[PDB]
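Reckoned from all heavy atoms, side chains included, excluding hydrogens, waters and symmetry mates. Each chain gets a letter, A, B and so on, in the order the sequences are listed, and its residues count up from 1.
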There are 2 protein chains.
Amino acid sequence: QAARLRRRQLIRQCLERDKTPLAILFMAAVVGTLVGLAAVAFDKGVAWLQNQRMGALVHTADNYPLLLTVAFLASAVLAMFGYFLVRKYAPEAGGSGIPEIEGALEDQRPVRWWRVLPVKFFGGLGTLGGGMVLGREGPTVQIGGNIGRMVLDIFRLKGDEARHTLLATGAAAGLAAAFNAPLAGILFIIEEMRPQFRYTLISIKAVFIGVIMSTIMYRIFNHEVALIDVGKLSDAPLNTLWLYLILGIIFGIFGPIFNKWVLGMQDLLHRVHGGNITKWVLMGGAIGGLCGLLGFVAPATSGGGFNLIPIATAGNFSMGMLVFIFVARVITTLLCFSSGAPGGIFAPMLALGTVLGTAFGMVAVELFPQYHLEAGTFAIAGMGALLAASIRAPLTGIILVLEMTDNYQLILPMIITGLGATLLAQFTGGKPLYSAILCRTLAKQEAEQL
Amino acid sequence: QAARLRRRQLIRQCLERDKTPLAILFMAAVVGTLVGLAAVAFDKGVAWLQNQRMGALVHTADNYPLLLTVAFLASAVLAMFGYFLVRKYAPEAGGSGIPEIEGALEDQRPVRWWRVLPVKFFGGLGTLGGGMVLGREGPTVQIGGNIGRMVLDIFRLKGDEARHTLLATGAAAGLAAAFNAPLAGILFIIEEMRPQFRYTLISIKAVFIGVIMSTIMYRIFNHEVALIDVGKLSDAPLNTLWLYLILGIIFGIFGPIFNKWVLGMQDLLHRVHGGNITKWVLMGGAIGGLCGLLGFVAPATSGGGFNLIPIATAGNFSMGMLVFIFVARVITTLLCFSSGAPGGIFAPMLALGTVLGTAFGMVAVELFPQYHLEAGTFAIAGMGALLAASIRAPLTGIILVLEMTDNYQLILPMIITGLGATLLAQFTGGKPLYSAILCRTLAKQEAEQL
Ligand SMILES: [Cl-]
Ligand SMILES: [Cl-]
Ligand SMILES: [Cl-]
Ligand SMILES: [Cl-]
Ligand SMILES: [Cl-]
Ligand SMILES: [Cl-]
């Protein structure tokens with residue numbers, strides 16, 4: 001009868017009248033509007049700082065050593081301002097911000113929106129606007145989760161189930177308004193933050209509301225159907241689907257290796273400054289100045305990565321250039337993200353999977369000419385395979401790539417590529433990167449409390 | 001210290017090796033291949049019986065009262081075969097089968113694959129091949145979930161984690177191998193089966209493997225890219241997005257009203273036979289013969305519904321014809337599903353949401369000519385709005401409709417329509433239908449135990 005009283009517990013759940021608090025559902029539309037407006041202002045300010053930087057690199061065009069100095073120095077001072085705001089005011093605004101938000105969903109990290117929200121905005125503005133190899137995905141999730149706490153504090157909402165609802169609403173609205181991906185922002189919460197999020201009928205409807213309001217706030221100011229404008233690539237036949245499983249196996253081995261390089265470079269770059277702010281800022285200007293220098297000479301090795309993925313998905317880079325771009329963008333991704341700059345690793349990971357997927361597709365075309373393959377259809381499957389192998393959230397990584405590229409005929413090749421990425425990353429001993437960063441944040445704050 | 005002790009449990013959970021045995025993942029490839037093969041033997045056995053029934057109406061087309069007798073009696077004898085196998089050999093194979101698989105993941109229902117799997121197959125060929133208003137999701141999910149228990153019992157695998165993994169693998173594979181929707185099969189388990197499924201890192205990977213192997217087995221025998229071949233419809237502009245909220249608000253009221261009509265007709269049709277097998281079989285041949293009669297005279301009011309959706313989305317019907325189809329298909333959906341026939345309600349719900357959404361999309365083009373609306377974008381948004389209001393799985397129902405229609409420019413209108421459907425079905429006191437059918441089975445089982 002151990003299942004009999006369990007069955008009587010099941011019938012006691014059906015006759016419950018599930019109430020509908022419309023107060024938290026209205027604030028989720030206030031959150032999602034404010035997240036989507038702060039996401040648009042972040043993207044328009046990062047792009048304005050990037051167009052002002054290349055506008056300074058064309059007025060000094062005939063003078064080449066002066067151009068390389070003002071490519072370094074305009075990106076160094078822009079990065080030094082971002083490192084200074086994090087180190088002086090909000091140290092939890094360094095890095096991505098997803099481990100700070102999913103640590104807040106466990107009631108383990110504080111949400112200091114009076115400090116993080118001006119520092120993650122303006123410090124990430126000069127960091128990403130300076131041309132560093134960092135994405136706006138992580139900043140927008142942390143700006144979103146801090147806006148949802150701000151709305152909870154301004155309107156004085158009490159209760160701990162409303163606190164986790166509005167914090168997850170803005171993190172869902174942050175992903176939905178960074179990438180024009182309303183489907184991935186919902187799957188950000190129920191698939192990637194699955195151990196963190198408390199699934200209530202109200203809390204998942206509020207995640208839907210904030211995602212809707214932040215996608216509408218995005219599309220008012222951006223009228224393109226694809227964030228990454230690759231074309232309409234070919235279908236994948238059934239006799240070519242095993243090549244996407246092999247491509248996932250290669251990504252699923254590299255994924256844990258890349259995660260050990262992220263945490264290993266976090267430790268190695270911390271020995272340079274030792275926690276000192278005036279050496280953390282000057283190391284951040286040397287890293288930020290290099291990526292603005294690399295933004296002029298060999299610009300495929302620097303930047304967030306979205307200006308490389310449509311070039312690499314088409315057959316424009318050779319096999320020797322994709323090897324150079326991959327090694328250089330592995331070095332500058334670890335140099336930017338693991339140094340504690342405000343900026344995520346998600347959009348640099350898309351450029352690393354596109355280049356590694358195009359390299360796989362170019363070998364697959366020359367090895368199998370009987371399949372009529374494309375190099376670009378493996379770049380899409382490789383894009384969400386490094387998020388499956390390192391971030392270890394394949395479903396919100398697949399959906400995000402299909403929404404950014406508008407290529408939904410590759411759903412089954414991406415699930416095949418994302419399975420072998422997740423299967424071999426668990427097998428080879430890999431953890432999620434945002435979990436591994438948060439577990440090192442939690443073990444550090446357990447050590448200063450001794 | 002209350003959170004410091006919880007911080008210690010979040011650190012030691014992070015240092016664990018994650019224990020990947022490949023034996024249950026290979027068995028998911030065996031399950032997914034067998035589910036995907038049994039789904040195309042079900043889809044091509046139902047379609048063969050519907051071709052022999054239409055072919056019997058062309059041979060003797062000169063005699064019209066014999067033609068209405070042959071159309072009645074070919075479907076009456078076929079449905080009587082389906083109602084008899086349920087009432088004699090496997091009474092839990094009646095209805096959809098998703099409440100029986102959902103109760104099996106809760107360890108409340110037995111999985112008798114030696115009885116259900118021949119009865120759900122050959123009784124499903126009788127009811128669906130007779131032209132009754134019943135879908136093939138529920139049959140294939142229950143055939144799928146019983147294959148996952150059959151593979152567990154043949155290979156004699158031990159464990160309660162392995163039993164719930166392979167049972168949810170085939171239920172996911174049953175939705176992937178029907179409708180060519182691998183993405184909706186995964187979301188069937190982590191979103192619709194959220195209180196039932198025990199999420200593990202390996203139990204979601206085995207759900208991926210069975211979904212992959214069943215979508216491949218479907219696509220070996222089926223080469224259409226979309227099942228519901230509506231065209232490439234228009235995209236919805238931002239000034240028209242509030243009409244999809246009103247379409248969701250209307251569906252979110254009707255959803256609970258349609259749910260109590262399903263449960264009310266289950267009690268009403270049970271008053272006819274009282275559980276007697278002879279009166280249940282004769283009532284089911286009367287209902288099944290009525291839908292084979294209606295398959296010849298006014299064929300839009302019977303059948304599974306996949307023939308009606310491309311005609312309705314194209315704007316081929318009138319307004320009074322669209323009102324007559326909605327009323328008459330509601331009566332035949334309540335007659336077929338609530339009488340205990342092997343066959344689901346999901347694909348009859350897509351035909352009801354398309355017809356009700358087209359009628360909304362025709363009022364919207366009459367009232368707002370300045371919006372430049374197409375009536376078919378509300379047919380697709382309304383298609384998954386009855387799944388969000390009655391089945392109350394909005395993310396599963398959006399992705400399924402998108403994967404069946406290949407219209408992914410309507411992601412955000414379907415999320416707005418599915419939000420207003422879910423929010424108004426919870427506000428007006430509606431439950432999920434499969435959770436309400438199972439709970440009426442579980443409360444009936446407690447009543448047998450006095
Ligand atoms: Cl970080
Ligand atoms: Cl990022
Ligand atoms: Cl990130
Ligand atoms: Cl049922
Ligand atoms: Cl169905
Ligand atoms: Cl069903």
Side-chain angles (χ1 to χ4, degrees), chain A residues 25-26 28-41 43-44 172-173 176-183 185-186 205-206 208-227 229 403-404 406, chain B residues 230-253 313-315 319 353-354 356-385 388 394 398 401-402 405 407-424:
Chain A
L25 296 181
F26 165 70
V30 179
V31 163
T33 296
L34 286 186
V35 172
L37 280 166
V40 161
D43 302 343
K44 291 327 170 65
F179 283 167
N180 206 10
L183 196 67
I186 291 163
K205 278 168 199 58
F208 266 69
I209 286 173
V211 157
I212 278 160
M213 295 320 287
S214 74
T215 317
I216 287 165
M217 280 322 120
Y218 184 83
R219 293 174 184 202
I220 284 167
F221 298 93
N222 302 99
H223 316 107
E224 289 86 5
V225 69
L227 184 84
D229 187 51
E403 274 180 299
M404 285 180 328
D406 288 341
Chain B
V230 308
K232 199 56 177 182
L233 301 186
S234 297
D235 52 88
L238 293 160
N239 59 336
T240 81
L241 286 185
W242 63 280
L243 290 161
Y244 297 93
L245 190 75
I246 300 191
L247 171 71
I249 278 155
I250 287 169
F251 264 109
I253 299 160
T313 308
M319 189 43 150
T354 310
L356 200 54
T358 315
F360 184 86
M362 286 169 52
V363 176
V365 302
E366 286 154 30
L367 291 181
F368 314 98
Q370 86 267 5
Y371 281 169
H372 305 295
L373 294 154
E374 189 178 5
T377 54
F378 299 93
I380 289 177
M383 207 187 315
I398 285 157
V401 161
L402 263 57
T405 58
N407 278 102
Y408 304 88
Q409 81 281 348
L410 305 170
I411 291 191
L412 185 72
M414 280 216 69
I415 290 175
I416 294 165
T417 314
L419 166 82
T422 42
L423 194 148
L424 267 295

J.: I'd like to know whether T405(B) forms a side chain to side chain contact (heavy atoms under 4.5 Å, CB included) with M383(B), so could you lay out the CA-CA distance, the side-chain angles of the two residues, the decisive distance to 0.1 Å, and finally the verdict.
T.: CA-CA 10 Å; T405(B) 58; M383(B) 207 187 315; 4.1 Å; yes

J.: Using 0.5 Å steps for rounding, measure from the CZ atom of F368(B) to the CG atom of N239(B).
T.: 10.5 Å

J.: Would you name the heavy atoms of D235(B) and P237(B) that are closest together and state the gap between them?
T.: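 In this case the closest contact between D235(B) and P237(B) is O-CD, 3.3 Å.
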
J.: Among residues at least two apart in sequence or on other chains, which ones pass side-chain contact (heavy atoms from CB on, under 4.5 Å) with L25(A)?
T.: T20(A), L22(A), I202(A), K205(A), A206(A), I209(A), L423(B)

J.: Working to the nearest 0.5 angstrom, can you tell me the gap between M217(A) CE and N222(A) CG?
T.: 12.5 Å

J.: Before you tell me yes or no, could you show the steps for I411(B) and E403(A) under side chain to side chain contact (heavy atoms under 4.5 Å, CB included), namely the whole-Å CA-CA distance, both residues' side-chain angles and the distance that decides it to 0.1 Å?
T.: CA-CA 9 Å; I411(B) 291 191; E403(A) 274 180 299; 3.7 Å; yes

J.: List the atom pairs, with distances to 0.1 Å, where a side-chain N or O of residues 31-41 of chain A and a protein N or O form a donor-acceptor pair under 3.5 Å, not counting sequence neighbours.
T.:
from	atom 1	to	atom 2	distance (Å)
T33(A)	OG1	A29(A)	O	2.9

J.: Considering residues at least two apart in sequence or located in another chain, which fulfil the side-chain hydrogen bond (donor to acceptor under 3.5 Å, both in side chains) criterion with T215(A)?
T.: none

J.: Can you list everything that forms a side-chain hydrogen bond (donor to acceptor under 3.5 Å, both in side chains) with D43(A)? Sequence neighbours excluded, please.
T.: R136(A)

J.: Test of understanding: with side-chain contact (heavy atoms from CB on, under 4.5 Å), list the residues that count as partners of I398(B), not counting sequence neighbours.
T.: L402(B), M414(B), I415(B)

J.: Working to the nearest 0.5 Å, report the span between CD of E374(B) and OG1 of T240(B).
T.: 11.5 Å

J.: Suppose we screen for side-chain contact (heavy atoms from CB on, under 4.5 Å). Which residues come up paired with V363(B), at least two apart in sequence or across chains?
T.: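 With sequence neighbours excluded, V363(B) shows a side-chain contact (heavy atoms from CB on, under 4.5 Å) to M319(B), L367(B), given in chain and number order.
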
J.: Would you check, one step at a time, whether the test side chain to side chain contact (heavy atoms under 4.5 Å, CB included) holds for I416(B) with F208(A)?
T.: CA-CA 8 Å; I416(B) 294 165; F208(A) 266 69; over 6 Å; no

J.: Which heavy atom in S214(A) sits nearest to a heavy atom in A173(A), and how many Å separate them?
T.: OG-O, 3.0 Å

J.: So which atom in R219(A) and which in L238(B) form the shortest heavy-atom distance, rounded to 0.1 Å?
T.: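 Taking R219(A) first and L238(B) second, the nearest heavy atoms are O-CD1, 3.3 Å.
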
J.: Measure across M362(B) and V365(B) and return the closest heavy-atom pair with its distance rounded to 0.1 Å.
T.: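 So the minimum-distance heavy-atom pair works out to O-CG2, 3.3 Å.
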
J.: Are the side chains of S234(B) and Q409(B) in contact, using a 4.5 Å heavy-atom criterion?
T.: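 Contact flag for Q409(B)/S234(B) side chains = no.
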
J.: Does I380(B) form a side chain to side chain contact (heavy atoms under 4.5 Å, CB included) with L233(B)? I'd like the steps, not just the answer.
T.: CA-CA 10 Å; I380(B) 289 177; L233(B) 301 186; 3.7 Å; yes

J.: Any side chain to side chain donor-acceptor pair (under 3.5 Å) pairs touching residues 359-372 of chain B, not counting sequence neighbours?
T.: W242(B)-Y371(B)

J.: Do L412(B) and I216(A) come within less than 4.5 Å of each other through their side chains, counting heavy atoms only?
T.: yes

J.: Could you report the tightest heavy-atom contact between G357(B) and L247(B), atom names first, then the distance?
T.: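 Nearest heavy atoms, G357(B) then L247(B): CA-CD1, 4.1 Å.
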
J.: When rounded to the nearest 0.5 angstrom, what is the spacing between CG in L243(B) and CZ in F378(B)?
T.: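 That separation rounds to 5.0 Å.
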
J.: To the nearest 0.5 angstrom, please state how far the CG atom of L241(B) sits from the CD1 atom of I212(A).
T.: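 The CG atom of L241(B) sits 9.5 Å away from the CD1 atom of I212(A).
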
J.: Let me confirm one number: the CG-CG distance from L245(B) to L419(B), rounded to the nearest 0.5 Å.
T.: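 It is 7.0 Å, given to the nearest 0.5 Å.
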
J.: Applying ring-ring contact (aromatic ring centres under 6.0 Å, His included), can you list everything that pairs with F179(A), at least two apart in sequence or on another chain?
T.: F306(A)

J.: Go through the structure and list residues passing side-chain hydrogen bond (donor to acceptor under 3.5 Å, both in side chains) with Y244(B), not counting sequence neighbours.
T.: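 By the side-chain hydrogen bond (donor to acceptor under 3.5 Å, both in side chains) rule, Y244(B) matches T377(B).
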
J.: For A364(B) and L373(B), which heavy atoms make the closest approach, and how far apart are they?
T.: O-CD1, 3.4 Å

